[PDB]
Structure formats: C-alpha cells, structure tokens
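Single chain ahead, written as structure tokens, the form deposited in one PDB entry.
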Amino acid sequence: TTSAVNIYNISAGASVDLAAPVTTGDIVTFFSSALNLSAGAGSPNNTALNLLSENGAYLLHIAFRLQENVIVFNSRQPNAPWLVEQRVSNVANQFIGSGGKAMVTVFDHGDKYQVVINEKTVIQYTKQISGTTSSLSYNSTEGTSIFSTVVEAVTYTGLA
C-alpha cells in the first residue's frame, strides 16, 4: 500500500546493488535501447541478465545465445555448479514486435519467475533457489551483445 520505484543504469559487465530488494510479487524490467540479432557469437552468451541473492547466488540467469539460437534460464549457488537449465528456442521470434529496442520483464511470483519479452511471456521458470534479489548484473561477450552497452532497469517493489 506504499510501493516504490527504483531506476538503475547498468553498464555491460557491471553489477548494481538494489536500494530495495526484489521479493515475491515485485517486478523488474530491463530496458534496452538497441536490438542486434545479427551481432555475432557469444562465449557462449552474447548477453546475460542475472538476479542475484545477497549470498551471491544466481537466483535467475538469463542468457541469449545467437550462435546457438537459444535463450537459457538457470540458477546456481555461489561457487557451486550450474543447475537444471531450461531453454527457449529461437531468439528473434521473441523480439518480434520490437523495432530497435527491447524490454525484458521478470515477475517474482514467489515460487516462480515469469519472464516476459516485450508483451510475450517466454517461460514460467520454477525457482531452483529461493530468496530475495538484492543485486543484478548485465554481462556480455565483447562487442556481440544484443542489447545496448547500457541497459536501464526499473524495479517495482512493495506490491504484495
């Protein structure tokens, strides 16, 4: 009944600490002012957006792989191996209806993470690890990212 809006500018390769943690019922949107579907190969990821716990855990890892023409969703505890990785085929098909810019939205449904690309829901990822998101990262493969060098992030917390 007293929500909050937080805006962050995330440079590729950076990680920002949220001034307000993202928990169940809260939202996180990533804004890209560019879209490059014919950028190049990722090592292996061209672009990755991560929601991380205060322990360094990867609550949610989102990776776009142009050469493998896929999107990967996974998670993992700090200094531990990668877990069960879901995947969505065909990158470009999710960005249909873009036009030089993209929006990725993550809904934290407590026990799941709903990921939306613009207006299209791509997956209802089931949380392999639980907790509140206290920081986010935007990692890219040198010069072959599908998003702008700077990605804006708006978080809507205090909902439920």
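Think of the rigid core as the biggest set of C-alphas that the two forms share within 1.5 Å after superposition. Just count from 1 along the sequence shown to find any residue number.
Higher mean CA temperature factor between 11-19 and 138-146: 138-146, per the PDB entry. Taking the mean C-alpha B-factor of each stretch as recorded, 149-157 and 1-9 are not equal, and the higher mean is that of 1-9. For the set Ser130, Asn118, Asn50, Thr47, the PDB entry assigns the largest Cα B-factor to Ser130. For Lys101, the recorded CA temperature factor ranks within the middle third of the chain's modelled residues. In this PDB entry, the Cα temperature factor of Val122 sits in the middle third of its chain's modelled residues.
Looking at the C-alpha B-factors along this chain, the one for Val28 belongs to the lowest third. Ranked by C-alpha B-factor against the other modelled residues of its chain, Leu35 falls in the middle third. When the modelled residues of the chain are ordered by C-alpha B-factor, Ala41 sits in the highest third.
Unshown form deposited in another entry; subsequent notes refer to it.
Here the two forms are overlaid on the core, and between this form and the one not shown the C-alpha of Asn45 is the only one among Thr132, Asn50, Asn45, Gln94 to shift by 2 Å or more. Relative to the superposed rigid core, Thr141 undergoes a CA displacement of at least 2 Å between this form and the one not shown. Relative to the displayed conformation, the Cα-Cα distance from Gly42 to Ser89 shrinks by 3 Å or more in that other deposited form. Cα of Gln128 to Cα of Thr141: at least 3 Å shorter in that other deposited form than in the shown structure.
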